[PDB]
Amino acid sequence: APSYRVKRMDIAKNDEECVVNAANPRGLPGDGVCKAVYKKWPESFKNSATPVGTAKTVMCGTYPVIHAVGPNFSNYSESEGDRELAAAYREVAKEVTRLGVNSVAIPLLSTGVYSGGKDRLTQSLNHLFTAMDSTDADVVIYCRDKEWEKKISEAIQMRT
C-alpha cells in the first residue's frame, strides 16, 4: 500500500528508485538541492532544460532524474505561479507513472530561492498530494528544516 513519508536529509542520499530535481528552466547546475543533485548525477544534466511548469526525465545510467521546474514566485503573480506549481507536480506524476518506479524522492518545489520570500510549505505540499495521489509509488518528501519536517509529517498523518 503506497505511503507518503518525510525525511530531513540530503535528497542526493535518497533510498528511492528515482529523484526529482528542483530544476531551473535553463537546465543549469544551480545551488541548493540542484547542487548536491548535480554532484551526484551530473550526466543527468545533459539536455535537462525544460520550461517552468514542466518536468523532464534524464537517465543517469538506469537511475531516473526527473528535472521539475517550479515557478520563481519573484517573477510570477500569485495566481499564475500557483498554476505553474500545480502543473510541475502534474508532470512529475506523469514521469513517475511512465518510468514504472515503485518509489520517488521529491522536494517541495518553489519553497526556497523560488519562494518569493514567502512560506509555501502548505501550497507546495498540497499540489504534490493532488498530483501523486493518482500514482502507485511510495513518495518520500525531503526537507532540511526541523519545523518543516514536523509540519509535513502532521499533514501526511492528517489525511490517513
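If you superpose the two forms and keep the largest set of C-alpha atoms that fall within 1.5 Å, you have the rigid core. Heads up: residue numbers just count along the shown sequence, starting at 1.
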Line up the rigid core: which moves more in 6 other deposited structures of this protein, 115 to 123 or 28 to 36, by C-alpha RMS?
28 to 36
Entry B factor averaged over C-alpha atoms, 71 to 79 against 86 to 94: higher for 71 to 79
Selected stretch [higher average CA B-factor]: 106 to 114 or 25 to 33:
25 to 33
Compared with the other modelled residues in the chain, in which third is the CA B-factor of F129?
middle
Going by the CA temperature factor in the PDB record, which third of the chain does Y38 belong to: lowest, middle or highest?
highest
Could you say whether, by C-alpha temperature factor, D138 belongs to the lowest, middle or highest third of its chain?
middle
